[PDB]
């Protein structure tokens, strides 16, 4: 009976601490204006002590359920894309579903770094279309607790946020997810990494916190690979949907830095004013970036029937993806 999924509700959430560039530039000994000049970020939100990932995700997901006006019994599955779960075991998604009252919902976490939401969105859409039941698709990260002071990119980019979307079944064809392209390139596996705490080097007694913080070999190599991943996946879903960049109403790339968004937008020939930009006020929260941006743009101007979105992301791994969605 079901032939597409509908993005029925949107939500986002950020912690209470707004962190201006000037605080961080002072910490790192950077000249005034450095961060906005190089990243396009002006401020970002950071967790305070006692804030949990699942609590942040809960506020974004509650906002999306409310937006969708959906009965809690209708949520069959909760997917949480996160790289920073409350605990390494269990996953945070069952706690998320429990706090939100989603008593008929399954729950699992997805770990796809910055690409996690587009994977979760593609997989949720397949579930909606196969079982004719609704899915809560959340993405949330507290990257502030992963910040490495020696890794300047992390200190200046990383932020904390959650976004969520309620996906409901729809009988109509030729709308919803028109195309999706999910790619991986593990030749870039070592470009962005946390050395310890996984199974290859469990965190042990004589280890420092910075062994458990992110490291990056060559930011420029990450930059060019990520632009290429997003460009190539975007080109493929456009061609698969038989559309051109001119048919896109809103372009929602992962918000890594402004120059990366500009590069992909330019490579695709998309008009710059079609790009949703939340990095100025919300920073880079990894997989939460796209659903937070979806919630922000829908609040500014509700998505209208017939509009076409292009979503695209790249991530450590390396991974990438793109989705064309028709309202």
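Numbering follows the first chain given and starts at 1.
Comparing 289 to 297 with 22 to 30, the stretch with the higher mean C-alpha B-factor in the PDB entry is 22 to 30. Mean CA temperature factor is higher for 193 to 201 when stretches 223 to 231 and 193 to 201 are set side by side in the entry. Sorting 238, 183, 208, 134 by the CA temperature factor given in the entry leaves 208 at the top. Highest C-alpha temperature factor among 165, 162, 214, 102, as the PDB entry reports it: 214. Per the deposited record, the Cα B-factor of residue 316 falls in the middle third when ranked against the other modelled residues of its chain.
Among all modelled residues in this chain, the alpha-carbon of residue 218 has a temperature factor (C-alpha) in the highest third.
In the deposited entry, the Cα temperature factor of residue 7 places it in the middle third of its chain's modelled residues. Among all modelled residues in its chain, residue 106 ranks in the lowest third by Cα B-factor. Ranked by Cα temperature factor within the chain, residue 35 sits in the middle third according to the deposited record.
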